[PDB]
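A.B. asks: Protein chains in written order, with this note's numbering: chain E, -9 to 523; chain S, -12 to 525. C-beta: ideal position from N, C-alpha, C; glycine also.
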Amino acid sequence: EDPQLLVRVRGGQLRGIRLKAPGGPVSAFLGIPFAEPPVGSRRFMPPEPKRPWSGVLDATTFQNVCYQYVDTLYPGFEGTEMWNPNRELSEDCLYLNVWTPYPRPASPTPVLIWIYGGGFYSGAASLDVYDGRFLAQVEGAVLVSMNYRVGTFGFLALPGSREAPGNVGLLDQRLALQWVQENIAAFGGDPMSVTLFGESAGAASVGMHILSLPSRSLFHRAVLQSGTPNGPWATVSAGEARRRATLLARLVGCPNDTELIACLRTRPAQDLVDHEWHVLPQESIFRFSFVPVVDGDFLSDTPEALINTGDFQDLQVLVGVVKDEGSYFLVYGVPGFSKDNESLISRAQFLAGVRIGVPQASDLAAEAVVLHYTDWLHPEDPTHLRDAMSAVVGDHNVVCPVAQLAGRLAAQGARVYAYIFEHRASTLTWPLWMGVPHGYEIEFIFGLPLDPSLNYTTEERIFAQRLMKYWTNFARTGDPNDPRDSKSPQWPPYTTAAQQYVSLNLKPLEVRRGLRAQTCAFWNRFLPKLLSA
Amino acid sequence: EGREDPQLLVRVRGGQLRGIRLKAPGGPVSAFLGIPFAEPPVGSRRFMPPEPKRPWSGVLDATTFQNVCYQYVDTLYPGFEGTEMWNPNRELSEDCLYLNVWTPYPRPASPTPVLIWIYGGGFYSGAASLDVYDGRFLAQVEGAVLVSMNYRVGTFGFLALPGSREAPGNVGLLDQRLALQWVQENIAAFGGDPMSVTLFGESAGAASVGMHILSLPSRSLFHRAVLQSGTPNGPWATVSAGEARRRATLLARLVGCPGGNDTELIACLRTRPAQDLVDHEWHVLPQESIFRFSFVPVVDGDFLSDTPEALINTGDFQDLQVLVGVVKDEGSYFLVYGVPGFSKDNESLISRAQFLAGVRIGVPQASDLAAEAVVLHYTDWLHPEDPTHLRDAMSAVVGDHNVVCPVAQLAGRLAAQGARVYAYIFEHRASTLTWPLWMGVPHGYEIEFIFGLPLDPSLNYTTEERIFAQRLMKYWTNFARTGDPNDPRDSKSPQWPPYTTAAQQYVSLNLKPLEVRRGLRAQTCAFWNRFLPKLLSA
Ligand SMILES: CCN(CC)CCNS(=O)(=O)Cc1ccc(F)cc1
Ligand SMILES: CCN(CC)CCNS(=O)(=O)Cc1ccc(F)cc1
Ligand SMILES: *[C@@H]1O[C@H](CO)[C@@H](O)[C@H](O)[C@H]1NC(C)=O
Ligand SMILES: *[C@H]1O[C@H](CO)[C@@H](O)[C@H](O)[C@H]1NC(C)=O
Ligand SMILES: *[C@H]1O[C@H](CO)[C@@H](O)[C@H](O)[C@H]1NC(C)=O
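(1) Please classify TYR322 of chain E as buried or exposed, where buried requires at least 16 other C-beta atoms within 10 Å of its C-beta.
(2) Under a CB-based cut-off of 8 Å, is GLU357 of chain E close to chain S?
(3) Can you list, in chain order, the residues of its chain with a C-beta nearer than 6 Å to that of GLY192 of chain S? Leave out the 5 residues immediately preceding and following it.
(4) What does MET136 of chain E pair with, by DSSP beta-bridge criteria?
(5) Between E:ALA166, E:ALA355, E:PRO15 and E:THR185, which lies nearest to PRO39 of chain E when the distance is taken from Cα to Cα?
(6) I'd like to confirm the pairing. Which residues does DSSP put opposite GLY144 of chain S in its beta bridges?
(7) Compare the C-alpha of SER205 of chain S against each of S:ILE337, S:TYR138, S:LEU377 and S:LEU291 and name the closest.
(8) When you compare each of S:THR218, S:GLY247, S:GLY144 and S:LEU161 to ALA231 of chain S by their alpha carbons, which one comes out closest?
(9) Pull every residue with its beta-carbon under 5 Å away from any heavy atom of ligand 3, and keep them in chain order.
(10) What is the C-beta distance between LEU20 of chain S and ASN87 of chain S, in whole angstroms, given that I count them as a contact (C-beta under 8 Å)?
(11) Along the chain, where does the beta strand (DSSP E) containing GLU189 of chain E start, and where does it finish?
(12) Can you tell me where the alpha helix (DSSP H) holding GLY405 of chain S begins and where it ends?
(13) Here's a check: name, in chain order, each residue in its chain whose Cβ is nearer than 8 Å to the Cβ of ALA239 of chain S, leaving out the five neighbours to either side.
(14) Have a look at S:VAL391, S:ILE337 and S:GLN58 and flag the residue whose alpha-carbon is nearest the alpha-carbon of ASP263 of chain S.
(15) Give me, in chain order, the residues of the same chain whose beta-carbon lies closer than 7 Å to that of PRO15 of chain S; leave out the 5 immediate sequence neighbours on both sides.
(16) Against chain E, does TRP89 of chain S count as a neighbour if the rule is that its beta carbon must be under 8 Å from one of theirs?
(17) Could you check what DSSP says for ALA490 of chain S in three-state terms: helix, strand or coil?
(18) Considering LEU241 of chain E, what are the terminal residues of the alpha helix (DSSP H) in which it resides?
(19) Are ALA114 of chain E and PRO75 of chain E touching if we call contact CB-CB under 8 Å?
(20) I'd like to know whether the C-beta atoms of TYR409 of chain E and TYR491 of chain E end up nearer to each other than 8 Å.
(21) For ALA360 of chain S, does the count of other Cβ atoms within 10 angstroms reach 16, so buried, or fall short, so exposed?
(22) Between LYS461 of chain S and chain E, is there a C-beta pair that is closer than 8 Å?
(23) Go ahead and label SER97 of chain E buried or exposed: buried means 16 or more other beta carbons lie within 10 angstroms of its beta carbon, across all protein chains shown.
(24) Is it true that the segment 351 to 367 of chain S meets the segment 412 to 430 of chain S, where meeting means three or more beta-carbon pairs spaced less than 8 Å apart?
(25) Going by C-alpha to C-alpha distance, which of S:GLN491, S:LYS461 and S:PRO393 sits closest to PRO520 of chain S?
(26) When you compare the CB positions of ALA194 of chain S and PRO155 of chain S, do they come within less than 8 Å of one another, or not?
(27) Taking Cβ-Cβ distances shorter than 8 Å, what residues in chain S pair up with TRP366 of chain E?
(28) Listed from N- to C-terminal order along the chain, which residues in the segment 331 to 365 of chain S have their beta-carbon within a distance smaller than 7 Å of any beta-carbon of chain E?
(29) For the segment 477 to 491 of chain E, which residues have a beta carbon sitting closer than 8 Å to at least one beta carbon of chain B?
(30) I'd like the list of long-range same chain contacts for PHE518 of chain S, defined as Cβ closer than 8 Å, with 5 residues on each side in sequence excluded.
(31) Verify the contact flag: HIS270 of chain S, CB atom, against every heavy atom of ligand 2, threshold strictly below 7 Å.
(32) Comparing alpha-carbon positions, which option in S:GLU275, S:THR294 and S:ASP180 lies nearest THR225 of chain S?
(33) List the residues of chain E whose Cβ lies closer than 8 Å to the Cβ of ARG517 of chain S, in chain order.
(34) How long is the line joining the alpha carbons of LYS329 of chain E and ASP314 of chain E, rounded to whole angstroms?
(35) Is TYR432 of chain S helix, strand or coil when you go by DSSP?
(36) Please compile the residues from chain S whose C-beta is within a distance smaller than 8 Å of the C-beta of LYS519 of chain E.
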């Protein structure tokens, strides 16, 4: 019995497992329950604290993946499979993972909590790209990741009902955060230094913890990679959630909110997932059926209203985007696009893709989009049209929401650092035209290149080490700058006046000004005036 | 006769003329100034189409410029050259339908291609007698026959009650056409070739050239066309029948007025002293505005069979050769005539607030939403409050909306419809310019170079400006002669390629050799020419 692998938490005893990282051992405690299994009649309900247990609970393996849709577009293809569930699917999935160095920290150590993305319809903390061992072994961090309910199970809502009040997947996260507050000290973690970080839907979740008062006492800093609580895809109104839930019920034969939710509770899990995509009001991409809902509770108002009026002093936040946010989504619904060819399109197809990429746009607004993104020097060149379609999607859904959030935070007291990630992995399995797709910074932040068997390049390794530095230095301090590197250039804070941000790639940090400034003014300032009138 | 210069005596359809031997720096030229081409449009002829001049007896003295057509005179900066050089330099009169002719001295052996100049000035002003329109340099240096005519401006030229007999509108343009017919009949007696006639003009003169292209009876009167900083399409050059009616009716009220209605109204207007009409001209504009002119050509279904926009979209322009272009800072001149914050006597650094106010004035026809779109497009979002950027952006809104984008629309529409198009941007600021630096190269300041004024040593231009002026004179005349501004022998010199839809090439005109550029302010003009109409159409 290795006494390093033995921990007592408020619920009982755990045995972890000692894992090998290239630099040495780490302690991993995987599959720790933080909630009672949200099964049977607990479906759609807020999570409850895990009841205490007897003896020593085995925490040496990843627990099950929250029940979710599994992608089928490219069966067996690594670029898609890497995001697919790598454990068995179950509604019994409320478990979290903790990595710490071996031996466990002598002093209270800063905590990074990872919240996975996946459009609020998918994801799991057990994926290889979320492997905590590198950050724990190299930077000596305590790293925590939890599972939270996705799809219908996490976000199906009949707003105002007692038995599907919505946002329970967010409460899943929030409960994990309390668990960390109550227990992390036993692992060597410093509960008074907790940094949330997440990507895509995970970034949006982090954003909603910023905006939801009861979460604020459970963390001190936040990182939002490629995602925001504001924006077109991350929330729905109460009216729209009620519409989609009522529609899905009709679709599965169901049938008072109580009775509708009761029949839904009788339904096998896959019966709900089978119809998940069928409740979107328009044919669209970068749109998800069951996401957080403006309930007047977890979200007191819309994210837009909350960022416009919130007070963010004593908050430090790190935000950014990858070079080609939109490319990934095009192969999933836009005619003309495939990963198996260069996806050179016509003007007509670009017009049609915009109605799909901006599904809520009036004829006029879509006209405005096409006219903005067209290169009038080369209005018909397929290579431009292709790259612009990608840009429309990326800017509409990520880049401009990020710039909007960065802006409101800095202006309202927050300390903000912005990046754009521009390195494309040598190992990337997607075609060249997709550039640096949504999601491909993660393997670097988590330190995967340090694994020699992964066949990354020497420079990609040096680069990954630099990113792990920025992230952990940010966790430690709220400032991603190494306090030992006495070298210009430094990473400056994003402000409303200078609007500085840095590029992350193989070359040294470069300071740029204005994050898609003109093009985001179009999305952030002009379009909303339009679609109204 | 007997004891006068036998080279200055010429007969035209209406009678005998005595011209004058002028000195240009490189030699003498023949000028025939103040040749009448129409009966005086005075009395019961005010507002009427011109009647051709009745033959005179004896030798008409044609040694002096004739009266300037009755017009508003600028009072913004009194005694200031930058303003006064455009003001009338002869007596104002409704009796003003005269034309001028410069030819080599002695007159040419073989028939010589003719250039006809149509002055600009918003259709409310102008005169062929101004210094910057002096044909002596082009005549002496290039051997050209140059003709400039006076045409009626303002109320006298463009007041219309559409459909009536007594004020059908567009009579100012009919004055021009009649001068063009005069050239066809008479120019051969000066050594001019009526089979090679090239129109050129700047601003409203440019737009006039455009309208002759679009009007059928004009088409047989010329062969090639040059449009400098102006277009018949665009927001200022025409008005609907309804709008011209409204403006004419309003102006009548302001002066005391009041066959049936229309006949009596116009009859009353003809009892008014010319100055009374001029004094109320600016008061009929629907909004507070710059780059808008009260009395302009009207879309009448006659001279203009439809809107210029419709005509250029749906026209056949096979075998038409056009040179078009713009100056670097089309809008700056206009800001000092209306937009608060702007003056020639300071740097005109404006606030964001002043910019927003200025946009409403420079784009007076815009809804609040359209106005918003303009402000959002022209704002620098890295420096949205920088007074220098807002200053220059104001100038660019006005210049793009009124000139640069209409020209781009015209050029692309013509090139796609068969025309041979050549396009330029004029970027040289005269060393002698009296306007401030901030105004850059303003509207109208290529003209003195096209006409070769830097060849006058007394004018104090630089040596490089002389060489530059000579290049431009060659471009324009080579184009007049061939339909191609390039010198057929000088392949060593960089070439001026035609403007196409595919490549959108144009050239820079400055002290340096020709530089070819692609894209006539393409993104920004897609905004004005494609998006903006869709908005206001909702
Ligand atoms: C790349 C990283 N990403 C987030 C973790 C995983 C993919 N999920 S996605 O939302 O990004 C794109 C997608 C959307 C709808 C759909 F049906 C299939 C895929
Ligand atoms: C500079 C060249 N230009 C055309 C020849 C001179 C005419 N002035 S203008 O029509 O261009 C601008 C203007 C408008 C209203 C006003 F009251 C006074 C001036
Ligand atoms: C320039 O002069 C004009 C007129 O006097 C005035 O409206 C404007 O405020 C002045 N601007 C500056 C920069 O002083
Ligand atoms: C690949 O691209 C072509 C057009 O370039 C498109 O027709 C096709 O749908 C794409 N993929 C496949 C193989 O279906
Ligand atoms: C330029 O030449 C001299 C320079 O002082 C001067 O006497 C003359 O008047 C100037 N010419 C003009 C047109 O200003």
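C.D. replies: So, from the data block:
(1) Exposed is the call here.
(2) With respect to chain S, the C-beta atom of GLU357 of chain E has a partner C-beta closer than 8 Å.
(3) The beta carbon of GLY192 of chain S lies closer than 6 Å to those of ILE105, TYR106 and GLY107 in the same chain, with the five residues before and after it left out.
(4) Its beta-bridge partners are E:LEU86.
(5) For the residues E:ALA166, E:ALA355, E:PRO15 and E:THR185, the minimum Cα distance to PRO39 of chain E belongs to E:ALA166.
(6) None, per the DSSP bridge assignment.
(7) Checking every option, the nearest Cα to that of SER205 of chain S belongs to S:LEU291.
(8) The residue with the shortest Cα to Cα distance from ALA231 of chain S is S:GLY144.
(9) Cβ-based neighbours of ligand 3 within the cut-off: S:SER330, S:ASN333 and S:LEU336.
(10) Right, the Cβ-Cβ distance comes to about 5 Å (below 8 Å), so this counts as a contact.
(11) It spans 179 to 189 - the beta strand (DSSP E) in which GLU189 of chain E sits, taken as one unbroken run.
(12) Annotation for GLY405 of chain S: no alpha helix (DSSP H) segment contains it, and DSSP assigns it neither H nor E.
(13) Hits under 8 Å: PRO245, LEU252, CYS255 and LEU256.
(14) If we check each option's Cα against that of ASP263 of chain S, S:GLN58 comes out closest.
(15) Closer than 7 Å at Cβ, skipping near neighbours: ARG8, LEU9 and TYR92.
(16) Not one chain E Cβ lies under 8 Å of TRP89 of chain S.
(17) Coil, per DSSP.
(18) In the DSSP annotation of this structure, the continuous segment of the alpha helix (DSSP H) that includes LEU241 of chain E starts and ends at 228 to 242.
(19) Between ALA114 of chain E and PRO75 of chain E, the CB-CB gap stays under 8 Å.
(20) In contact: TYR409 of chain E and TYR491 of chain E (Cβ atoms closer than 8 Å).
(21) Under this definition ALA360 of chain S is a buried residue.
(22) No, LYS461 of chain S lies away from the interface with chain E (no Cβ there is under 8 Å from its Cβ).
(23) Exposed, by the Cβ-count rule.
(24) Proximity of the segment 351 to 367 of chain S to the segment 412 to 430 of chain S falls short of the contact definition, fewer than three beta-carbon pairs being nearer than 8 Å.
(25) From the listed residues S:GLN491, S:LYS461 and S:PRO393, the smallest Cα separation to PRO520 of chain S is found for S:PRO393.
(26) No, these two residues do not count as a Cβ contact at 8 Å.
(27) Residues of chain S passing the Cβ test: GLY506, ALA509, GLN510, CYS512 and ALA513.
(28) Result list: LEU356, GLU359, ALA360 and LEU363.
(29) The chain labelled as chain B is not found among the protein chains of the depicted structure, namely E and S.
(30) In its chain, beyond the 5 residues on either side, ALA360 have a beta carbon closer than 8 Å to the beta carbon of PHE518 of chain S.
(31) The closest heavy atom of ligand 2 lies 7 Å or more from the beta carbon of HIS270 of chain S.
(32) Measuring C-alpha to C-alpha distances from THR225 of chain S to each of S:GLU275, S:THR294 and S:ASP180 identifies S:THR294 as the nearest.
(33) Chain E residues near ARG517 of chain S: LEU361.
(34) Across the structure, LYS329 of chain E and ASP314 of chain E are spaced so that their CA atoms are roughly 14 Å apart.
(35) Here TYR432 of chain S carries a coil assignment [DSSP, helix/strand/coil].
(36) Within 8 Å Cβ-Cβ: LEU356 and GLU359.
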